[PDB]
């Protein structure tokens, strides 16, 4: 891969009282051409781990296949739920992949978020793993997971990697990251987390040309990994001066 | 049978691999090692081999990782090769993933290394059997054999004249699970003594003893503590 051709825009992941909330718009752009409008950019690695990407779709798919087979081998060797790999383990694996490809100067044109639950003490979902049937889609309350038991990690093209209470890629690193550094707080409820993420996505939709308002939300919780129903974010302009007709401005000068 | 024990890729008419069986026979000639485990701890004791009066006793138990150790019986060069393999595996896992390796996967890889040497005529089986004591969420004892098999034990003993130790362990097995650390160490020393010849005695020089536990990284027992334990063993046996 000499460079990005078909690309995905930013992803946002945050911690809240019940786990991880990760959001990305379902759009992949072939330059300035929004060719694909229903693309999946968040993938499930196992019952406690998800991966989001921003950048080249081909490299993201390559990494997703690598992680899928890593999970299958883990499941083959598993004897107890403690044997399942953790988000930290997958983050280390992806960071090593990126570092080696940097050394070879054959990078993956991607920024990756690896998020999930770094613990097995909140449920028994990994006692019996189902890969091809999702029983989630019969409702018990969510479990309040400790912040220290959750994991969000970032890897970039040069192999730079770290973790935090919230991670952003792409253009989100400006708008969503400013809003999160201002307003994020620990133990947010699901609705509060969704409201914060929706504000960030709305700002991104207004100020980023490669984004859409068709949003995919994924929750990693004690119930497992849940994909929400994709929804159109309502995004209205915040000023009437935008809508004011141009013919009502003075006809002389540069009023545009 | 004379016609079928020349090479390691030939089955006897009974479907046996005599070369691998002889590699296993090498194990029975070594000194006795015993390993037992409570709900929290694994204690591994062993008899160090002293060649003569002026020789230092040889090492019997080795550290693989923070919470992993082994004892060996058989050919020391094979034991060294396998020990280096295991140490490098643990270190490389820590380097790549910043976490402890899964002991089951480590033992599986060691068993695969055993097996790969029994499939070609240009190679031979390792003449060494390994006892692997580790703590990974719980105490675990593994035994790896020359033919590529590995088993998990609650108590284990191999080496020369180790059937007395096996008898003692089979007698006292029900007590180990709820034992304290001192009781477990005493039981391991008592099994080693059961193996030991009456003429021989368990002293600080010829006894190796290590413990690995919940918050207890693999550690050799100091000479003073070992002397205390051996004194306790002798005293309570005198009763």
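Residue numbers (the entry's author numbering), protein chains in the order written: chain N, 2 to 138, 147 to 265; chain F, 3 to 241. Every residue, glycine too, gets a C-beta built ideally from N, C-alpha and C.
- DSSP, reduced to helix, strand and coil, places residue 208 of chain F outside both helices and strands of the structure shown, so it counts as coil.
- Membership of residue 172 of chain N in any alpha helix (DSSP H) is not indicated; the residue belongs instead to the beta strand (DSSP E) covering 170-172.
- The alpha-carbon separation between residue 216 of chain N and residue 105 of chain F amounts to approximately 51 Å.
- Within chain F, the residues 104, 106, 107 have their CB atoms less than 9 Å from the CB of residue 84 of chain N, given in chain order.
- When Cβ pairs closer than 8 Å are counted between the two stretches, the stretch 192-207 of chain F is seen not to touch the stretch 101-118 of chain F, the count staying below three.
- Residue environment for residue 249 of chain N: exposed (fewer than 16 other C-beta atoms within 10 angstroms of its C-beta).
- Three or more Cβ pairs closer than 8 Å define a contact, and the stretch 126-139 of chain F meets that threshold against the stretch 66-82 of chain F.
- For residue 98 of chain F, the nearest beta carbon of chain N is closer than 8 Å to its own beta carbon.
- Look at residue 17 of chain F here: in three-state DSSP terms it is coil, with no helix or strand label.
- Proximity of chain N to residue 101 of chain F at the Cβ level (cut-off 9 Å) is accounted for by 87, 89, 90, 93, in chain order.
- Around the C-beta of residue 220 of chain F, 16 or more other C-beta atoms lie within 10 Å, and the residue is accordingly described as buried.
- Distance check between residue 90 of chain N and each of F:90, F:89, F:99 places F:99 closest, using alpha-carbon atoms only.
- Distances from the alpha-carbon of residue 141 of chain F to those of F:155, F:169, F:51 put F:155 closest.
- Comparing alpha-carbon positions, the option among F:180, F:73, F:227 lying closest to residue 143 of chain F turns out to be F:73.
- Residue 133 of chain F places its beta carbon 8 Å or farther from that of residue 213 of chain F.
- Comparing alpha carbon positions, the residue from N:64, N:73, N:188 closest to residue 92 of chain N is N:64.
- At a cut-off of 8 Å, the C-beta of residue 80 of chain N has a neighbouring C-beta in chain F.
- Residue 114 of chain F sits in a helix when the DSSP states are folded into three classes.
- Proximity to residue 229 of chain N across N:50, N:42, N:36 peaks at N:50, based on C-alpha coordinates.
- Judged by DSSP secondary structure, residue 16 of chain N falls within the beta strand (DSSP E) whose first and last residues are 12-17.
- For residue 4 of chain N, the closest alpha carbon among the candidates N:171, N:257, N:166, N:197 is that of N:166.
- Annotation for residue 97 of chain F: the continuous alpha helix (DSSP H) segment containing it runs 78-99.
- Exclusion of the five residues before and after residue 39 of chain N leaves 27 as the residues of its chain whose Cβ lies within less than 6 Å of its Cβ.
- Listed along chain F, no residue sits closer than 7 Å to residue 42 of chain N by beta-carbon distance, the nearest being about 25 Å off.
- Per DSSP, residue 263 of chain N is not a residue of any alpha helix (DSSP H), being assigned neither H nor E.
- Residues of chain F whose Cβ lies closer than 7 Å to the Cβ of residue 97 of chain N are, in chain order, 98.
- Residue pairing by DSSP puts residue 222 of chain F in a beta bridge opposite F:212.
- Going by C-alpha positions, residue 20 of chain F is about 26 Å away from residue 87 of chain F.
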